[PDB]
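[1] Got a sequence here, can you build the structure:
(5 chains)
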Amino acid sequence: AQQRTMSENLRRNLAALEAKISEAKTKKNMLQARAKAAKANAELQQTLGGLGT
Amino acid sequence: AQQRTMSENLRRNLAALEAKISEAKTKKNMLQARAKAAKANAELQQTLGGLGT
Amino acid sequence: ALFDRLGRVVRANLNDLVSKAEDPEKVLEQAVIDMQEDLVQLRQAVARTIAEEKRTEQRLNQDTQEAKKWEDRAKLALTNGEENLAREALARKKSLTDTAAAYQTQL
Amino acid sequence: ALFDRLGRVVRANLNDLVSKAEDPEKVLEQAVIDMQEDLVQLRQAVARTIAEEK
Amino acid sequence: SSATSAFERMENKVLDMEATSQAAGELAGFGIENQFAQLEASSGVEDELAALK
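    Residues are numbered from 1 along each chain as shown, chains lettered A, B, ... in the order given. Please see the structure below:
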């Protein structure tokens, strides 16, 4: 009983974390994507149509 | 009974402290925004002006 | 200030000497080259300040979004008879509400 | 108090120094690596817990 | 000093690169394609009616 009472609680905490890490993992990818997009986009404006040689 | 008396006094003090640190973090965000703006304006004045030899 | 006057002559002579080395057609272009550089950096500084204006909207909208879901959590707690949960949710809502004001002012 | 103040200054300089050393593309993905590495360890404990319960 | 703080720092950096891109656009100009596009649409449906009859 002692074991069931405590061990069900621990599973919940693992489950929450898992939700938490996977959240970061997916956002990681999309964040890298856009980051590359914004980065490249700035390079284009400044170098292509910029000012000051 | 004494430990419970100690615990809540530690909690109330800590909660207020975290609220101060929350203010300070928000305060930094504004102060940094102000610092950048103040700097940008000074250059503007110099570039739009003919100060210096 | 006889010495100071001598140091004045040194300044004047150097100024004349530099003005020999001022070559029409190159220094005039150079000055334009300087401006062009100055302008690009200053623009970028202005742009990165104008970026913060946009950041204030992001912070503020977000804080208000959480504030409403704390309150709608509190309603569920009150229906079930969960006092502490309801009150703590209200405290959470207010902290965000009053934070949001500070951002709006700033914006 | 000047020792501690100078420190504050030094910790700030070191914070900026590393702040630059950071590249989000590398760092963001390197933060995820850490999370995963930390999880695997917790899963191992839970693996033990489960067995012991059985 | 934690994976949470690392995630948030990098998250803010990407957001700032996006904010930097919006501004950069304003600097080098904003729109150009906006006016063009509204015209393309207008000539689109006008062309469609003409070719239809």
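[2] All the helices of the chain, residue numbers only.
    Using chain A. Along chain A, the stretches classed as helices by DSSP state H are A:2-48.
[3] Can you look at chain E instead?
    For chain E, the helices defined by DSSP H occupy E:3-28, E:33-52.
[4] Same question for chain C.
    Using DSSP H, the helices of chain C run over residues C:2-21, C:27-80, C:83-106.
[5] which strands and helices sit next to the shortest one?
    Judged by 3 or more C-beta pairs under 8 Å, 6 or more residues apart in numbering or on different chains; DSSP states H and E, helix C:2-21 has no packing partners among the helices and strands. Bear in mind the C-beta positions are built from the backbone N, C-alpha and C, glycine included.
[6] Would you indicate which residues of stretch C:21-38 are buried?
    If you call a residue buried by 16 or more other C-beta atoms under 10 Å in any protein chain shown, then stretch C:21-38 has no buried ones at all.
[7] By neighbour count, which bits of stretch C:95-103 are buried? Give me those.
    C:95, C:96, C:97, C:99, C:100, C:102, C:103.
[8] Same list, those, but only the ones touching chain B.
    Contacts with chain B within these, counted by C-beta under 8 Å from any C-beta of the partner chain: C:95, C:99, C:102.
[9] Contacts only, for the closest residue to residue A:45 other than its chain neighbours.
    Setting aside the residues directly before and after it, residue A:45 is nearest to residue E:28 in space (C-beta to C-beta, 6 or more residues apart in numbering or on different chains), at 4.8 Å. Shown in contact with residue E:28 (C-beta atoms under 8 Å, 6 or more residues apart in numbering or on different chains): A:45, A:46, A:49, A:50.
[10] residue closest to the middle of chain E?
    With distances taken as C-alpha atoms, centre = their mean, residue E:22 lies nearest the centre of chain E, 7.9 Å away.
[11] Residue C:51 is in contact with that one, correct?
    Yes. Contact criterion C-beta atoms under 8 Å: residue E:22 and residue C:51 qualify, at 7.2 Å.
[12] Give me the number of neighbouring residues for residue A:28.
    22 (other C-beta atoms under 10 Å in any protein chain shown).
[13] can you tell me how far the residue lying closest to residue A:32 once chain neighbours are set aside sits from residue A:21?
    Spatial nearest neighbour of residue A:32, chain neighbours left out: residue D:25 (5.7 Å); criterion: C-beta to C-beta, 6+ apart. Distance of residue D:25 to residue A:21, given as C-beta to C-beta, to the nearest Å: 19 Å.
[14] between the helices of chain C, which gets nearest to residue E:6?
    Nearest to residue E:6 among the helices of chain C is helix C:27-80 (19.9 Å), distances taken as C-beta to C-beta.
[15] Now do the closest one: distance to the chain's middle.
    A distance of 9 Å separates the centroid of the chain from that of helix C:27-80, by C-alpha atoms, centre = their mean, to the nearest Å.
[16] list the helices and strands that helix packs on?
    Going by 3+ C-beta pairs under 8 Å, 6+ apart, helix C:27-80 lies up against helix B:2-47, helix C:83-106, helix E:3-28.
[17] what comes up buried for the last one?
    Read that as helix E:3-28. E:3, E:6-7, E:10-11, E:13-25, E:27-28.
[18] Tell me the residues of chain A that contact chain D?
    Near chain D, when you scan chain A using C-beta under 8 Å from any C-beta, you find A:3-4, A:7, A:10-11, A:14, A:17-18, A:21, A:24-25, A:28, A:31-32, A:35-36.
[19] hmm, 6 Å instead?
    Residues of chain A lying close to chain D (C-beta under 6 Å from any C-beta of the partner chain) are A:3, A:14, A:21, A:24, A:25, A:28, A:32, A:35.
[20] what about residue 40, how many residues close to it?
    Reading this off chain A. Counted with other C-beta under 10 Å, the neighbours of residue A:40 add up to 10.
[21] look at chain E instead
    The number of residues near residue E:40, taken as other C-beta under 10 Å, comes to 10.
[22] show me the contacts for it.
    For residue E:40, no contacting residues are found, by C-beta atoms under 6 Å, 6 or more residues apart in numbering or on different chains.
[23] Which residues of chain E lie near chain C?
    Near chain C, when you scan chain E using C-beta under 6 Å from any C-beta, you find E:19, E:20, E:23, E:24, E:27.
[24] ok, now with 8 Å
    Checking chain E against chain C by C-beta under 8 Å from any C-beta, the hits are E:15, E:16, E:19, E:20, E:22, E:23, E:24, E:26, E:27.
[25] now, the most widely separated pair of those?
    The farthest-apart pair in the residues of chain E next to chain C, when distances are taken by C-beta to C-beta, is E:15 and E:27, at 18.7 Å.
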